[PDB]
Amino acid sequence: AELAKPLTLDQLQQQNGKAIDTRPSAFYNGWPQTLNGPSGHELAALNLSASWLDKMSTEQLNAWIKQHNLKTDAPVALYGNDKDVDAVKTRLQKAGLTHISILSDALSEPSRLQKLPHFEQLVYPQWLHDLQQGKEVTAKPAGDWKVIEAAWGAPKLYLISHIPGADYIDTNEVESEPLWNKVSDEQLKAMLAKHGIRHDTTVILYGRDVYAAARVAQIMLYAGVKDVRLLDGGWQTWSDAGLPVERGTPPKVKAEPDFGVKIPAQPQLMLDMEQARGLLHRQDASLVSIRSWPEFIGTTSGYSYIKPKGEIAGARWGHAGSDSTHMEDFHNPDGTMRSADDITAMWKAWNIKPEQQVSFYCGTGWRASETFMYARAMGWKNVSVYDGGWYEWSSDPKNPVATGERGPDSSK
């Protein structure tokens, strides 16, 4: 049961061990725990939040151990809040790790920490609550800000409960028939004015599902809202935190008829079909499929209304989830974004790399929007979404299609 000898970061390194940060990911990502506090995690630290443990079965934990290459007898040094450290210690002990210490000097040198380059784009609930209350917070919006729930269709679960002061966006306001591509620049301008968004309004989006808010978020970035943020993990994190809620219909919003710049200010953030096709078979560019494996291999289209099966020939698999409405490969057990290191490694194995021009697509753009926001938070400088995705590509039977089981080599 007892911990082994405490180790400094230097000693752990000399012993080829690994540091495990037991704090929630928000903090691992770069959010300081208190104002002006240390930002980020120790060099090469893994993230295993004590708060995830009740949603990790024995086999999930075993898989996480293997996937992070924890050798059975190599030292692991835990840090963070003392209850969390103890809870993680116990699980790792049951999982059969044999040399568990605390990292004694964890977080003591702010200048050697690593962070998500734009962690401030993935907010967490306590921070949003403190912002609302007028408490001084890290990376405060520069001016006006708005919080907005996004979902498909008329307000429904929002009427039962929502984040206080939250406006509501029906996804149908930003996308439509016949392709489920974004609506016109003109329609986006009307939409932005109506919800009182100017180019310098910070917009904080959340949803029951992260991908609905990400979809709206990426479109607003395209249109020209400079500061657009997501609630990491979506509404569930706010619910689980037991923060206050409001109910009923969205309150009247004051229109902002002058956006302040020409829409679209960032047109390069969205590719069309020919542009997407132009990325294929290149070392310096990647067209990334954010589709489930059965979609990628052609077992299923993933969608009721899409008849053709298969994938974009030359698309590099970026992973996704179990079907077209889930994103498990990008999520911690609490629904927040997996560690940037992990996402980076998963993408690298498929030759998808930050120096490339990278464009994500899926069935119609939702899952791709989610990975786009993460890539942006990760500091990836040339990312975009190919809106039309498989629905568009496969509408033309001349377009090259791949099917069957294959690996990274097959998308050179």
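Start at 1 with the first residue shown and count on from there.
Engineer: Quick check on the record: does 188-196 or 289-297 carry the larger mean Cα temperature factor?
Structural biologist: The recorded data point to 188-196.
Engineer: Quick one: higher average CA temperature factor, 277-285 or 251-259?
Structural biologist: Between 277-285 and 251-259, it is 251-259 that shows the higher mean C-alpha B-factor.
Engineer: Just say lowest, middle or highest third for the CA B-factor of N351 relative to the other modelled residues in its chain.
Structural biologist: Its C-alpha B-factor belongs to the lowest third of this chain's values.
Engineer: Quick check for you: using the entry's CA B-factors within this chain, is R229 in the lowest, middle or highest third?
Structural biologist: It falls in the middle third of the chain.
Engineer: Which third of the chain holds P125 when residues are ordered by C-alpha B factor: lowest, middle or highest?
Structural biologist: Its C-alpha B-factor belongs to the middle third of this chain's values.
Engineer: Lowest, middle or highest third: which one holds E42 when the chain's residues are ordered by CA B-factor from the entry?
Structural biologist: Its C-alpha B-factor, which the entry lists for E42, ranks in the middle third among residues of this chain.
Engineer: Where does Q60 sit by CA temperature factor within its chain: lowest, middle or highest third?
Structural biologist: Ranked within chain, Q60 CA B lands in the lowest tercile.
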